[PDB]
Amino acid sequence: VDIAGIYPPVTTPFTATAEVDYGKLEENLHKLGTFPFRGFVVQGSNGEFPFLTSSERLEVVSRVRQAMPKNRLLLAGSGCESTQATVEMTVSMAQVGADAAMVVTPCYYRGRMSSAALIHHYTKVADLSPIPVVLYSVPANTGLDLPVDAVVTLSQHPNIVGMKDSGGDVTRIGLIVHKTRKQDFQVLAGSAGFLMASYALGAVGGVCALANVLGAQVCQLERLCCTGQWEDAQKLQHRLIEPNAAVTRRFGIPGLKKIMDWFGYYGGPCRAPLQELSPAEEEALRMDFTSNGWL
């Protein structure tokens, strides 16, 4: 029940020898816990989930749970390529305390990931999941959009409670909110760049990589939008566009981690094959933040 609100999709910190740094993870989460988030999204794209072993994925979810108040929502990335693997991942993450499973669309075989394929995959996971399911569409990583007709069909399932859409197409989001209006189905935006427009069209939250460093600003944007302060919402939204692009489509996770370092959080390195930013990328990353008055 109820997923409305702002979540940072949390990173996975690593040591100099590429192990998971649970100390730093815990430290970062205590800092982020100060912000009026609804909870944490663990092992979204931003958590480098493809780079973790099965049991790292489990242990990460468990530690996040232990570093959170119990009244905060833990949305766990349990998607795998295969339907059966996904079910098992979802069950095990429920067991270490996830409140909901966020399930990315299988996409290695886009060619054959039709509506019917995606509908079946999600229906089976929802049928067998002990926790509610959130659809997760993120085309910049997957090359695929969960189609609208599939979303509408899936919204009817009692154990499918909403979706996070990362495509940034507000017409699509609007259409989804409209077409699922008769269902218990809540739409979360997938980044801080199009949060305002999303609320305008009926989304009731956002999972934003940018809230790892500008949590208060992102939460302020939520408050302005829910409160009808659209004029101030606009000024704030505008100033978040470039920093948001900076840590998402422009420089990705290495950009996010670098910005985290600069803001006093533990950003640290990514796992190979992800690389450090070149000096020119660092420079450009700094510009997107400083020229919008954030650094």
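Numbering starts at 1 and follows the sequence shown.
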property: Selected stretch [higher average CA B-factor]: 236-244 or 66-74; result: 66-74
property: Comparing 206-214 with 138-146, the one whose average Cα B-factor in the PDB entry is higher; result: 138-146
property: Chain thirds of CA B-factor: placement of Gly39; result: lowest
property: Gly33 by Cα B-factor - lowest, middle or highest third of the modelled chain; result: lowest
property: Within-chain third of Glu222 by Cα B-factor, per the entry; result: lowest
property: CA B-factor placement of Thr12, once the chain's modelled residues are sorted into thirds; result: middle
property: Chain-wide C-alpha B factor ranking for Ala94, given as lowest, middle or highest third; result: highest
